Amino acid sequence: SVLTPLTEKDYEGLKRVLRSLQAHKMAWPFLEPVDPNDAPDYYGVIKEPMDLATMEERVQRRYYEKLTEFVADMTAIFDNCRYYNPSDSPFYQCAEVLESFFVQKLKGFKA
């Protein structure tokens, strides 16, 4: 079922997934919230920002009820980056690579 909440042990597996992403060589743009010194109009454009540090805090605080909610935050990190950045940018590239890695790791967690 997808309505089934995460258990305490499931939370250790999500942490492993989140940490595998933070260790990936293409994760550099997403480790921390976008710095306005690097992208002065970013928060004028992206109204629902997310980053890997924010997800880590939310995993530590047990913010997520269901795996679908965790997946929604993750997918926003990538969809925001493609919405903001042009398709030929290094950022957009990181988002394509890291999203496929996340799908491979998410299939592993689900079964």
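For every residue, the number given is its place in the sequence shown, counted from 1.
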With respect to the recorded C-alpha B factors, which stretch has the higher mean value, 12-20 or 90-98? 12-20
Comparing mean C-alpha B factor in the record for 60-68 and 78-86, the higher one is 60-68
Quick check on the deposited entry: does the C-alpha B-factor of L52 sit in the lowest, middle or highest third of its chain? lowest
Would you please rank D73 by its C-alpha temperature factor against the other modelled residues of its chain and give the third it falls in: lowest, middle or highest? lowest
State the tercile, meaning the lowest, middle or highest third, of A27 with respect to the CA B-factors recorded for its chain. lowest
